[PDB]
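Here the structure is laid out as structure tokens; the discussion comes afterwards.
Heads up, the Cβs are rebuilt from the backbone with ideal geometry, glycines too, and the neighbour counts pull from every protein chain shown. What is reported rests on the model, the rules as stated and the sources as named; these are not laboratory values.
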Amino acid sequence: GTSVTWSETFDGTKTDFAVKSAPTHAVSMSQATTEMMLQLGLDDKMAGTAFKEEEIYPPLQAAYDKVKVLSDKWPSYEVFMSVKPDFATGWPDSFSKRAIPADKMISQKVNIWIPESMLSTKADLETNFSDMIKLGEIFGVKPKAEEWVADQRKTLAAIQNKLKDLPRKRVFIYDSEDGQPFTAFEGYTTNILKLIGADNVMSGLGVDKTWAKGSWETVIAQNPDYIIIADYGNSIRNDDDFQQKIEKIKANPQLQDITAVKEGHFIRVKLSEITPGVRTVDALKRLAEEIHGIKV
Ligand code: NA
Ligand code: NA
């Protein structure tokens, strides 16, 4: 009988939103929110998706195939409006002037919701769980979301039980480089890796950002045990991007005495696995096995 309510702020303008029934023409502007919605079984309520970045999480591919793709990137306002949307979600940039400004959508009575896990450097795995619950509440499927969170917690506990009394490891996340490495500092990626005893060496350095350029000097000083490398390839059956980045690191004389480099501790991830979405605990299972040598 009560409304599900929330607020968002765009360009200093705060808007209050409410729904009393599930949206029926929802548009997802980002792959991460697309996966969140598909995980909750919401394809029938979806009028469109946008900006696919990598292969859809395989359990969700068949549901993904049921939803109209509006654009390979972000759709124009006209294409967006053409599906009569009533709800939109995505990363914050989806609602900026680089895409479709939120105020234009709000003019047309579209409700906009953004996962809290995507809003600040405070975000952690619990924030992602809460976001899934909230998304569930908005769409009248709270029990489905609670069932998913419950399963994630059970699996996470199984991983952590295997890790009890194993030494923690220091890690460096290598997204890419352009002279300097681009890496993760604070927020979601750092916080979820801490759950499996993997401590981001770029965290705790006073840089309040999710991602930014770092200095190799800093990485060398921190001497990580493992280097986790984001693979930006098309197929999971192809780790060419991963291997090229390994070779780029190996070929850099400045990095040759870093522990991870000497020991060949290179670990492959997709960005979708270490940023908010539905893949986190599944990815943490694999990473825990690779970093700590356990089987869970
Ligand atoms: Na509110
Ligand atoms: Na990023």
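The single condition among (1) within 16 Å of ligand 2 (Cβ to nearest atom); (2) over 21 Å from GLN61 (Cβ atoms); (3) in contact with a helix residue (DSSP H, G or I) (Cβ under 7 Å, 6 or more places away or on another chain) that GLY214 does not meet is (3).
Pick from the range 172-184 the residues that are without any contact (Cβ under 8 Å) to a residue 40 or more places away in the chain and under 17 Å from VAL269 (Cα atoms): which of them is surrounded by the fewest Cβ atoms within 10 Å (Cβ to Cβ)? Here the answer is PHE182. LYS154 meets the conditions (1) within 16 Å of the chain's Cα centre (by Cα); (2) surrounded by fewer than 18 Cβ atoms within 10 Å (Cβ to Cβ) in every case but one. The failed one is (1).
Annotation for the range 119-136: at least one member residue is touching a residue at least 12 places away in the same chain (Cβ under 8 Å), within 30 Å of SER215 (Cβ to Cβ) and within 16 Å of ligand 1 (Cβ to nearest atom). Exactly one of (1) within 16 Å of ligand 2 (Cβ to nearest atom); (2) out of contact with any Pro (no Cβ under 6 Å at 6 or more places or on another chain) is unmet by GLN256. Its number? Evaluating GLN256 over (1) within 16 Å of ligand 2 (Cβ to nearest atom); (2) out of contact with any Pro (no Cβ under 6 Å at 6 or more places or on another chain) leaves (1) as the failure.
The residues of the range 137-152 that are part of a helix (DSSP H, G or I) and in contact (Cβ under 8 Å) with a residue 12 or more places away in the chain, listed by number, are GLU137, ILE138, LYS144, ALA145, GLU146, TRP148, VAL149, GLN152.
If you go through the range 20-34 and keep only what is in a helix (DSSP H, G or I) and closer than 20 Å to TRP6 by Cβ, you end up with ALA32, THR33, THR34.
With the structure loaded, tell me whether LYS169 is touching a residue at least 60 places away in the same chain (Cβ under 8 Å), basic (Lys, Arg), surrounded by fewer than 17 Cβ atoms within 10 Å (Cβ to Cβ) and closer than 26 Å to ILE229 by Cα or whether it fails that test. Outline the logic, then answer.
Working: touching a residue at least 60 places away in the same chain (Cβ under 8 Å): yes; basic (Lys, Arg): yes; surrounded by fewer than 17 Cβ atoms within 10 Å (Cβ to Cβ): no; closer than 26 Å to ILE229 by Cα: yes.
For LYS169, the condition - touching a residue at least 60 places away in the same chain (Cβ under 8 Å), basic (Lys, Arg), surrounded by fewer than 17 Cβ atoms within 10 Å (Cβ to Cβ) and closer than 26 Å to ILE229 by Cα - is not met.
So which residues in the range 1-19 are assigned to a loop (DSSP other than H, G, I, E, B) and either within 11 Å of ligand 1 (Cβ to nearest atom) or farther than 27 Å from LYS97 by Cβ (or both), if there are any at all? Residues satisfying the conditions are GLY1, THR2, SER3.
Only residues that are away from ligand 2 (no atom under 16 Å from the Cβ) and surrounded by 13 or more Cβ atoms within 10 Å (Cβ to Cβ): list them for the range 42-58, please.
Of everything in the range 42-58, those that are away from ligand 2 (no atom under 16 Å from the Cβ) and surrounded by 13 or more Cβ atoms within 10 Å (Cβ to Cβ) turn out to be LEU42, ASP43, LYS45, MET46, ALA47, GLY48, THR49, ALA50, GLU55, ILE56, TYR57.
With respect to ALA22, is the statement that it is outside the structural domain of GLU147 (by CATH), more than 16 Å from ligand 1 (Cβ to nearest atom), among the aliphatic types (A, V, I, L, M) and surrounded by fewer than 21 Cβ atoms within 10 Å (Cβ to Cβ) true? So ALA22 fits the description; yes. Within the range 91-107, the residues that satisfy the criterion of being over 17 Å from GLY48 (Cα atoms) and either touching a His at 6+ places or on another chain (Cβ under 9 Å) or not hydrophobic (A, V, I, L, M, F, W, C) (or both) are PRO92, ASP93, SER96, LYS97, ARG98, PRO101, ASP103, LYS104, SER107.
Being within 21 Å of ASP43 (Cα to Cα) and either surrounded by fewer than 17 Cβ atoms within 10 Å (Cβ to Cβ) or within 16 Å of ligand 2 (Cβ to nearest atom) (or both) narrows it down to one residue among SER94, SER107, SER117; which is it? Walk me through how you get there before you give the answer.
Working: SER107 fails: within 21 Å of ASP43 (Cα to Cα); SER117 fails: within 21 Å of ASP43 (Cα to Cα).
Being within 21 Å of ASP43 (Cα to Cα) and either surrounded by fewer than 17 Cβ atoms within 10 Å (Cβ to Cβ) or within 16 Å of ligand 2 (Cβ to nearest atom) (or both) holds for just one of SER94, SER107, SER117, which is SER94.
For the condition β-branched (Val, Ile, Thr) and within 16 Å of ligand 2 (Cβ to nearest atom), what is the one hit in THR13, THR33?
Details: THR13 fails: within 16 Å of ligand 2 (Cβ to nearest atom).
Answer to the check: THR33.
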